[PDB]
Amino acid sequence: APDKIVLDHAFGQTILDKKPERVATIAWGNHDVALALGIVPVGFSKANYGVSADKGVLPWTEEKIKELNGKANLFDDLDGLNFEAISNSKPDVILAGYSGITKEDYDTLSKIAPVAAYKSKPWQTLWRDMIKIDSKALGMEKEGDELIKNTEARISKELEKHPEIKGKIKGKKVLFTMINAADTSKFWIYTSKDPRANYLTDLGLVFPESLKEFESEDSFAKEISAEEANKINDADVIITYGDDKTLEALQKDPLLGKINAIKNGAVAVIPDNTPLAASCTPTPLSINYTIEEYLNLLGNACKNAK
């Protein structure tokens, strides 16, 4: 101020004339940026992964809302953007820095309020950039930077607190994947532009050279054939969502069982549909809530590497 706020994103530019008071957010995580900055959204998207849709809000989010003496104002939008609900919240801005909105979505949303969209591609926003984009739209760029620094300090503290884990995982080559043990003919590898993959580097892990082959500006994950399985023998550890049958199934799999990380038992299985699984695409609030338990799980997997 007196400068307007000018946001550049995938769909052009958004201009705000002053700092927005009523904040709506959509899609994953963005509400946690507002909340970590001390603001209770006038509405935000419902969740049903790691929480029942009946509650509709993840535990770290609910806890911050209660600290701020607010309440959860949820858009009934599990089946897609609910434009009427958003419009009824009377927002001054819509935060969508990590999201999958289309141009049609963007145009419809912009009729309601200024929209902070992602920079280039849907679902390709790392956690620090989600904070940068979302906090700029709030006119709180400096506070967003302070939040990033504080979140980085939390990560560092948790690592220093458990030196054996930090030492075990440091420099280990990792891939975050989605593998369905019931059909291993194809599986997914999350790319370096996906926040759940890059978060692993914040913890001291690194990507293997094999990831570069699968990289593509066009998406946040690549579908890999079992025929290509051998390419990822350079991973020391693999992460996948799964359950209590996943590791055993993969080790007995006649297509993937020979892959080094799998053969060695160096597989971090993130229990499906839990708050921990939800937290793997991190937000400032989820990190503090889950980092000890995530590092413990990753550390235990890395013990089996080699």
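In case it trips you up, residue 1 is the first one in the sequence shown, and so on.
Two stretches are in play, 179-187 and 164-172, and the higher mean C-alpha B-factor belongs to 164-172.
Annotation for 213-221 versus 67-75: the higher mean temperature factor (C-alpha) is found in 213-221.
Residue-level inspection of the entry shows that, of 91, 97, 80, 195, 80 has the top Cα B-factor. Among the modelled residues of its chain, residue 32 has a C-alpha B-factor that falls in the lowest third according to the deposited record. Placement of the Cα temperature factor of residue 46 within the chain: lowest third of the modelled residues, per the deposited record. Among the modelled residues of the chain, residue 136 sits in the middle third by CA temperature factor in this PDB entry. The entry lists a Cα temperature factor for residue 13 that places it in the middle third of the chain's modelled residues.
Ranked by Cα temperature factor within the chain, residue 296 sits in the middle third according to the deposited record.
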